[PDB]
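> Here the protein sequences come in this chain order: B and A. Note that the entry's author numbering has the first sequence beginning at 2, numbered continuously upward. Note that the entry's author numbering has the second sequence beginning at 1, numbered continuously upward.
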Amino acid sequence: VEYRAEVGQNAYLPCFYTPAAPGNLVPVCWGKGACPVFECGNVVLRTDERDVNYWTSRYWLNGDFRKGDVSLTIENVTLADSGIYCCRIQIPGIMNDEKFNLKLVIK
Amino acid sequence: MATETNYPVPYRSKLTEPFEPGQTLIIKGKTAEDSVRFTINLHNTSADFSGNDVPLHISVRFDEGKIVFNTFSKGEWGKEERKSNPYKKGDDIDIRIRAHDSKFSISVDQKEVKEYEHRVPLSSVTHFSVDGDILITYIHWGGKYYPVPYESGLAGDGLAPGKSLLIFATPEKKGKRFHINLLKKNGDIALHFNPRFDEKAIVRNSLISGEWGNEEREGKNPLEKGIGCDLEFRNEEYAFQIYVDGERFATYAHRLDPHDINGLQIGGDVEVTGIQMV
């Protein structure tokens with residue numbers, strides 16, 4: 002759902018998948034909106050299955066991020082970072098995506 | 001019924017590591033008289049998929065010049081071709097794999113000629129076996145990708161006293177200098193073991209307090225660059241036996257000591273195809 006935090010504190014956007022394989026690498030919806038195949042607009046991040054591909058201090062992960070924690074506990078947030086966020090779980094298999102249109106705004 | 005001193009024959013060895021490519025798949029020793037086929041089975045997963053298209057099935061048929069290439073595919077025996085394996089009944093067998101994620105180097109007539117390709121994700125090989133009557137001095141399956149150069153160790157002895165430990169380095173097709181060494185943990189040159197097939201030899205030299213010794217060289221060695229080498233260092237009840245390609249390379253006299261000359265240094269491009277247990 003929608004969560005709030007302060008400057009530099011812990012955000013959350015609840016969405017989790019499973020780590021697949023070193024040969025079945027799959028990205029995630031990260032950005033803002035609805036990523037049908039791929040665009041919930043203004044895409045800001047992608048991750049992977051067997052590692053965590055791309056995450057920053059401004060796009061931050063406090064949990065166990067290598068096993069599929071792509072719930073971005075966003076550190077040092079501005080309002081330009083805030084808004085609706087792209088997150089959707091691409092389950093391995095055909096036609097099984099769950100699109101979350103979830104707003105995570107931090108002051 | 002010749003010099004075994006390792007195992008009551010026939011012998012099998014389970015996996016030393018989970019599969020990362022950069023290994024050697026090893027039947028180096030002698031043969032029995034009933035080598036008709038084996039079952040070296042290297043079977044596939046994707047993640048834990050357990051049943052996809054399979055990287056390897058290996059068996060030799062001891063007459064006329066190959067090792068077989070074969071697969072599983074969702075629970076059935078794949079393409080098993082009828083031809084045979086060159087060496088005559090009495091002498092050696094040498095399966096010597098340079099393992100990539102795209103080639104496993106099959107060796108016949110003591111020299112690798114054919115490469116057998118992977119198709120699969122990275123960590124996805126979980127099996128091994130042998131079938132039939134066989135006369136084993138060593139079986140090993142393990143290793144990984146080592147970035148070039150690296151610094152690591154060789155496990156226990158180098159040349160195994162009372163046993164035979166076979167020494168697995170990478171003569172690479174696209175490398176620079178090719179070795180795993182037989183020295184101590186301090187880093188000196190005690191027996192700088194070099195399957196350097198850019199230099200096309202197995203060189204071993206000994207430094208004992210500023211004095212270099214015999215410089216033991218020149219044994220059988222018809223093998224080729226592009227191999228995962230199996231370089232056989234026995235210690236029998238009667239002598240210290242050094243074999244390359246299943247016949248005796250040299251004899252290990254005391255220059256520096258036996259009993260855990262097992263020091264590894266890696267320089268240049270050698271994508272190591274073995275660090276091995278007993």
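Heads up, the beta-carbon is just placed ideally off N, CA and C, and yes, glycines get one too.
#1: Would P28 (chain B) count as contacting chain A if we go by Cβ distances under 9 Å?
#2: Taking all protein chains shown into account, do 16 or more other C-beta atoms lie within 10 angstroms of the C-beta of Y238 (chain A), making it buried, or fewer, making it exposed?
#3: Taking only beta-carbon positions, decide if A99 (chain A) is within less than 9 Å of chain B.
#4: What does the Cβ neighbour count give for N6 (chain A), buried or exposed, with the cut at 16 atoms within 10 Å?
#5: Whose Cβ in chain A lies nearer than 7 Å to the Cβ of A35 (chain B)?
#6: When DSSP labels each residue in this structure, what does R119 (chain A) get in the three-state scheme?
#7: Going by alpha carbons, who is nearest to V53 (chain B) out of B:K68, B:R89, B:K100, B:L14?
#8: Using a Cβ-Cβ cut-off of 9 Å, state whether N54 (chain B) counts as contacting chain A.
#9: If we define contact as Cβ-Cβ less than 9 Å, is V54 (chain A) a contact residue for chain B?
#10: State buried or exposed for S72 (chain B), treating a residue as buried only when at least 16 other CB atoms are found within 10 Å of its CB.
#11: What is the C-beta distance between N85 (chain A) and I67 (chain A), in whole angstroms, given that I count them as a contact (C-beta under 8 Å)?
#12: Would you say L122 (chain A) faces chain B, with C-beta separation under 9 Å as the test?
#13: For the structure I just gave you, are there three or more beta carbon pairs, one from the segment 127-141 of chain A and one from the segment 187-201 of chain A, closer than 8 Å?
#14: Do you know whose CA, among B:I75, B:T74, B:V27, B:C88, lies nearest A47 (chain A)'s CA?
#15: Terminal residues of the continuous beta strand (DSSP E) containing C87 (chain B)?
#16: Using a beta-carbon distance cut-off of less than 7 Å, what residues from the segment 30-50 of chain A approach chain B?
#17: Exposed or buried, which one is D53 (chain A) when buried takes at least 16 other CB atoms within 10 Å?
#18: Straight-line CA distance for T74 (chain B) to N63 (chain B)?
#19: Within 9 Å of any Cβ in chain A, is that where the Cβ of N97 (chain B) sits?
Reading it off the structure:
#1: Along the first sequence, one-based indexing puts residue 28 (chain B) at 27. Chain A, which has no Cβ nearer than 9 Å to the Cβ of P28 (chain B), makes this no.
#2: Within the second sequence, numbered from 1, the residue matching residue 238 (chain A) stands at position 238. Exposed: under 16 other Cβ atoms inside 10 Å.
#3: Start at 1 with the first residue of the second sequence, and residue 99 (chain A) comes out as number 99. For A99 (chain A), the answer is no, since every Cβ of chain B falls outside 9 Å of its Cβ.
#4: To locate residue 6 (chain A), count along the second sequence from 1; it is residue 6. Classification for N6 (chain A): buried.
#5: Locating residue 35 (chain B) in the first sequence gives position 34, where the first residue counts as 1. Those within 7 Å of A35 (chain B) in chain A number zero; the least Cβ separation is about 28 Å.
#6: Here the question's residue 119 (chain A) lines up with position 119 in the second sequence. The answer is coil: DSSP assigns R119 (chain A) none of H, G, I, E or B.
#7: The residue you call residue 53 (chain B) lines up with position 52 of the first sequence. Taking only the C-alpha atoms, the option nearest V53 (chain B) is B:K68.
#8: Numbered from 1 along the first sequence, position 53 holds the residue referred to as residue 54 (chain B). No, its Cβ sits nowhere closer than 9 Å to a Cβ of chain A.
#9: Working through the second sequence from its first residue, we reach residue 54 (chain A) at position 54. Output row for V54 (chain A): interface = no.
#10: Counted from its first residue, the first sequence places residue 72 (chain B) at position 71. Around the CB of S72 (chain B), 16 or more other CB atoms lie within 10 Å, so the residue is classed as buried.
#11: For the purposes of this step, residue 85 (chain A) is taken as residue 85 along the second sequence, with counting starting at 1. For the purposes of this step, residue 67 (chain A) is taken as residue 67 along the second sequence, with counting starting at 1. Contact between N85 (chain A) and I67 (chain A) holds: their C-beta atoms lie close to 6 Å from each other, under 8 Å.
#12: Residue 122 (chain A) sits at position 122 when you count from the first residue of the second sequence. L122 (chain A) belongs to the set of residues whose beta carbon lies under 9 Å from a beta carbon in chain B.
#13: No contact exists between the segment 127-141 of chain A and the segment 187-201 of chain A.
#14: Along the second sequence, one-based indexing puts residue 47 (chain A) at 47. Closest option to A47 (chain A), Cα to Cα, is B:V27.
#15: Position 86 of the first sequence holds residue 87 (chain B). Start and end: 84-90.
#16: From the segment 30-50 of chain A, only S46, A47 have a Cβ closer than 7 Å to chain B.
#17: For the purposes of this step, residue 53 (chain A) is taken as residue 53 along the second sequence, with counting starting at 1. The residue in question, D53 (chain A), is exposed, as its Cβ has fewer than 16 Cβ neighbours within 10 Å.
#18: Translated into the one-based positions of the first sequence, residue 74 (chain B) becomes position 73. Translated into the one-based positions of the first sequence, residue 63 (chain B) becomes position 62. Roughly 6 Å separates the two Cα atoms.
#19: For the purposes of this step, residue 97 (chain B) is taken as residue 96 along the first sequence, with counting starting at 1. Not closer than 9 Å to any Cβ of chain A, the Cβ of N97 (chain B) fails to qualify, so no.
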